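Asker: got an experimental structure here, sequence first:
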Amino acid sequence: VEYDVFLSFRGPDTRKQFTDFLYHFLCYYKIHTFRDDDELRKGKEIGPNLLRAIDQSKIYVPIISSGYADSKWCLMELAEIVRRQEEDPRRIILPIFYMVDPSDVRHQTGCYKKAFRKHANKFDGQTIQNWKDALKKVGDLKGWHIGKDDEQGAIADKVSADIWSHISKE
Amino acid sequence: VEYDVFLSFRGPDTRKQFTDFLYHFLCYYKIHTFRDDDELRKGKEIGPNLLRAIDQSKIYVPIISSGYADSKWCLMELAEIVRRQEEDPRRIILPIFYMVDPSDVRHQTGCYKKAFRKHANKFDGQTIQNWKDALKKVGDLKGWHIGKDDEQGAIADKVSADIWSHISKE
Amino acid sequence: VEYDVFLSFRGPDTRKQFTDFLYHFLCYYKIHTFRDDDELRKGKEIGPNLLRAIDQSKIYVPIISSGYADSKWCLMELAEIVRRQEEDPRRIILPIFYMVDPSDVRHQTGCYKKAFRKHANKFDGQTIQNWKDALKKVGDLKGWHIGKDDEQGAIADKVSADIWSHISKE
Amino acid sequence: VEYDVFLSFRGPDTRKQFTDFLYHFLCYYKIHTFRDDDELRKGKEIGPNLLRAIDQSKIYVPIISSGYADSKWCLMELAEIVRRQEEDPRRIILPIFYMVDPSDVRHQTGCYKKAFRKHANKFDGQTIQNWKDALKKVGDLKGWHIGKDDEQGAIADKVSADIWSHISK
DNA sequence: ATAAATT
DNA sequence: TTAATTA
């Protein structure tokens, strides 16, 4: 039904780790959530599940990862994210970078170049800009930075209570 | 003053154990010779050295490897060779495959393709066919293939006196 | 929509403190300018962007910095600058020394000539005089010195005001 | 009377820990030698001193530095070394690499670019080839190859006893 | 007194 | 369903 938590993730690299450390912990504070695993590849956009999700979902939490440049499906997802955000700024974005530098989002260099260069031999000549623009417009909004060294856990604590706050009082 | 034996090489992966032996070993026979040498990179078609010696040659003996596709340069050198050979079939080739089998290296598959596709999308959208139809003609003429074990000494000898026969006595 | 204010500066030496800071302050004051960041290396100095702007340009503002010598394209940039200054002196130049001393740059002394000691056996042994004539020409026009103490605050504020006043009340 | 084992060295960059140490130890065997420090600088051709010693001595021992090529004065000296060598192979060589490996000397390549690269800017395109051709030929004969950690003192001994043997026998 | 391709 | 630097 109506819930306020839509997510995202990399594929094999971190989806399982995040489900183990954040998703449950969230469920322990009484908030219905959402996500899934399937890869389709029989087309590009699943209808009233992907779309019911983005539509009714409220405050997004896109855990960008150090591989978040390979999945065309993931690239088109965060897109519609930033799109249906820019309509009525009462729903808010909460980015949480991971391992990969927050210096590599305001211009896409470093670990992404081999990804895009081969990704650019394939798809459109235009829409790729409406993706690049969105991946631009996160590296400014606020951001828990969790490096590879700081305690990769109880930051879960610090990060849940907040998502509670923006709901309890309003 | 004019030599009688051309050559060709990849670069930083057989400028040591094999080739150099063959050069010195050959000089040890009074068969005045030539080879590739300069770390030049200069030009995309240099004339008054190669393009003098090539049509000054008499016997061709390239030495493929497992990365012989990377060449933006030696590749067309091989091309120039196989072409000009077609003019006067009074001079022959005698290539000796190296480490990689003479199968996956006659149809641009195996660990050889991904280098060619990197050097296929790069330039003249027609010339790639010219390079492939150049590499193809080689992998038929007989040749003392070398593997991991065949002692790198004996093969040198057996390639010597042979190279001699088609020069001294015909 | 035409571009009215030009710049030129060594790259990795004020890509992270001033040049940006200045451009941002400017665009928050209503003035359509242009700079860029493409290293080219596909010729000498192209047309459809730099030659477009410079000829259609107006108010010149370049910025010397302690790397302002190895500018194989950018020194040329200054050349074109000073020669497209040679037609109607109704467009001026307000260069601002930065960190580098004000008068040591009139003869390339101090820590400057060591660029030249090797920068004479590479490019043309004659046009160097037409480069040095220009790099001499700046050391004269009245404006703002900046050391390491005059903090990069106010300088922004004033260096805006002049540029605007040469547009509003003429 | 006359010198017996003529030396050479880098300029200042190794006038402490090694060279000297070697010189004293050598002299403690009773084998008359040479070494001088005079800087000339009154030109470039020094005559009746080493130019008498080079055609007067016997068995050599040129050492290389981390930057021997940069020194024009020592370079030209090793030149005449190899040249008064070439006329007869009765007198030997006996090099000793040091602060550089024979991985970058049979090539004048590697850290030598800083040297030759602007050592030539003034000098002709022929003499450079002559010198370089001389520096090449040391890269062959035998090498103690004193390295970064090997104790230098243990090699002074193992480099004296030899020169001794090549004098008694 | 200390940069180089697209080897 | 993988990749070069003379700002």
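Answerer: Yes, it's here. Residues are numbered from 1 along each chain as shown, chains lettered A, B, ... in the order given.

Asker: list phi and psi for residue A:64.
Answerer: With angles defined as degrees, to the nearest 10, residue A:64 shows backbone torsions of phi -50, psi 140.

Asker: meant to ask about residue A:88, not that
Answerer: The phi/psi pair for residue A:88 (degrees, to the nearest 10) reads phi -130, psi 90.

Asker: likewise the one 3 residues further on?
Answerer: Geometry field for residue A:91 lists phi and psi as phi -100, psi 140, criterion degrees, to the nearest 10.

Asker: for the nearest residue to it once chain neighbours are set aside, give me its contacts.
Answerer: Counting by Cβ to Cβ, 6 or more residues apart in numbering or on different chains, residue A:91 lies nearest to residue A:58, which is 5.0 Å off, once chain neighbours are set aside. C-betas here are computed from N, CA, C, even on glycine. Neighbouring residues of residue A:58 by Cβ atoms under 8 Å, 6 or more residues apart in numbering or on different chains: A:4-6, A:91.

Asker: most surrounded residue in these?
Answerer: Among the contacts of residue A:58, residue A:6 has the most neighbours (other Cβ atoms under 10 Å in any protein chain shown), with 20 neighbours.

Asker: show me where chain A has its strands.
Answerer: Using DSSP state E, the strands of chain A run over residues A:5-6, A:59-60, A:97-98, A:145-146.

Asker: just say which of these is most tucked in.
Answerer: Of those, the one with the most neighbours on average (mean count of other Cβ atoms under 10 Å in any protein chain shown) is strand A:97-98, at a mean of 22.

Asker: what residues does that strand touch?
Answerer: Under Cβ under 8 Å, 6+ apart, the answer for strand A:97-98 is A:14, A:63-66, A:105, A:143-146.

Asker: pick the one among those closest to DNA strand F.
Answerer: Nearest to DNA strand F among these: residue A:66, at 15.7 Å, using Cβ to the nearest atom of the strand.

Asker: my guess is the closest one meets residue A:112, correct?
Answerer: No: applying Cβ atoms under 8 Å, one finds residue A:66 not in contact with residue A:112, separated by 9.4 Å.

Asker: any chance of the contacts of residue A:58 in CSV, plus distance to DNA strand E?
Answerer: Formatted as CSV, the entries for those read as follows, by distance: Cβ to the nearest atom of the strand, whole Å:
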residue, distance to DNA strand E
A:4, 50
A:5, 47
A:6, 44
A:91, 46
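
Asker: closest to DNA strand F among the residues you listed?
Answerer: The nearest member of the contacts of residue A:58 to DNA strand F, counting by Cβ to the nearest atom of the strand, is residue A:6 at 26.5 Å.

Asker: surely that closest one and residue A:57 touch.
Answerer: Yes: the criterion here is Cβ under 8 Å, and residue A:6 meets it with residue A:57 at 3.5 Å.

Asker: overlap in contacts, those two.
Answerer: A shared contact of residue A:6 and residue A:57, defined by Cβ under 8 Å, 6+ apart, is any residue touching both; here these are residue A:34.

Asker: pick out the residue nearest the middle of chain A.
Answerer: Within chain A, the residue whose C-alpha comes closest to the C-alpha centroid is residue A:62; the distance, by Cα atoms, centre = their mean, is 1.9 Å.

Asker: do you know how far it is from DNA strand E?
Answerer: Applying Cβ to the nearest atom of the strand, to the nearest Å, the value for residue A:62 to DNA strand E is 35 Å.

Asker: distance of that residue from residue B:20?
Answerer: The spacing between residue A:62 and residue B:20, counted by Cβ to Cβ, to the nearest Å, is 56 Å.

Asker: how about the helices in chain A?
Answerer: Taking DSSP state H as the criterion, chain A contains helices spanning A:15-18, A:24-27, A:50-56, A:72-85, A:113-119, A:127-136, A:155-168.

Asker: chain center to the first one, what's the gap?
Answerer: This points to helix A:15-18. Distance of helix A:15-18 from the chain centroid (Cα atoms, centre = their mean, to the nearest Å) equals 13 Å.

Asker: please point out which parts of that helix sit buried.
Answerer: Within helix A:15-18, the residues that qualify as buried by neighbour count (16 or more other Cβ atoms under 10 Å in any protein chain shown) are A:15, A:18.

Asker: of all the helices of chain A, which lies closest to DNA strand E?
Answerer: Distance to DNA strand E, taken as Cβ to the nearest atom of the strand, is lowest for helix A:113-119 among those, at 14.2 Å.

Asker: what's near enough to touch residue A:65?
Answerer: By Cβ under 8 Å, 6+ apart, residue A:65 lies in contact with A:9-10, A:13-14, A:98-100.

Asker: save those residues as TSV, and put in distance to residue B:45 too.
Answerer: Shown next, in TSV, are the contacts of residue A:65 (distance: Cβ to Cβ, whole Å):
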residue	distance to residue B:45
A:9	52
A:10	47
A:13	46
A:14	50
A:98	50
A:99	47
A:100	44
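
Asker: which of those sits closest to DNA strand E?
Answerer: Compare each of the contacts of residue A:65 with DNA strand E using Cβ to the nearest atom of the strand and the shortest gap goes to residue A:100, at 25.9 Å.

Asker: the nearest residue to that closest one once chain neighbours are set aside and residue A:126: what is the separation?
Answerer: Distances taken as Cβ to Cβ, 6+ apart put residue A:66 closest to residue A:100, at 3.7 Å, once the chain neighbours are dropped. Taking Cβ to Cβ as the criterion, residue A:66 is separated from residue A:126 by 27 Å.

Asker: same deal with residue A:71?
Answerer: Taken as Cβ to Cβ, the span from residue A:71 to residue A:126 is 20 Å.

Asker: now do residue A:68
Answerer: Here the criterion is Cβ to Cβ. By it, residue A:68 lies 21 Å from residue A:126.

Asker: between those two, point out the one with more neighbours.
Answerer: When residue A:68 and residue A:126 are compared for neighbours, residue A:68 comes out ahead with 25 against 7, by other Cβ under 10 Å.

Asker: surely that one meets residue A:11?
Answerer: No: counting by Cβ under 8 Å, residue A:68 stays clear of residue A:11, with 9.8 Å between them.

Asker: any shared contact partners between those two?
Answerer: Common contact partners of residue A:68 and residue A:11 (Cβ under 8 Å, 6+ apart): residue A:74.

Asker: quick check: closest non-adjacent residue to residue A:46.
Answerer: Going by Cβ to Cβ, 6+ apart, residue A:46 has residue A:40 as its nearest residue, at 6.2 Å.

Asker: picking that back up, I'd like the helices of chain A laid out as CSV, including distance to DNA strand E.
Answerer: Putting these into CSV (distance: least, Cβ to the nearest atom of the strand, whole Å) gives the following:
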stretch, distance to DNA strand E
helix A:15-18, 38
helix A:24-27, 48
helix A:50-56, 42
helix A:72-85, 29
helix A:113-119, 14
helix A:127-136, 24
helix A:155-168, 41
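
Asker: now for the ones you listed, which one comes closest to residue C:27?
Answerer: Residue C:27 lies closest to helix A:127-136 among the helices of chain A, at 17.2 Å (Cβ to Cβ).
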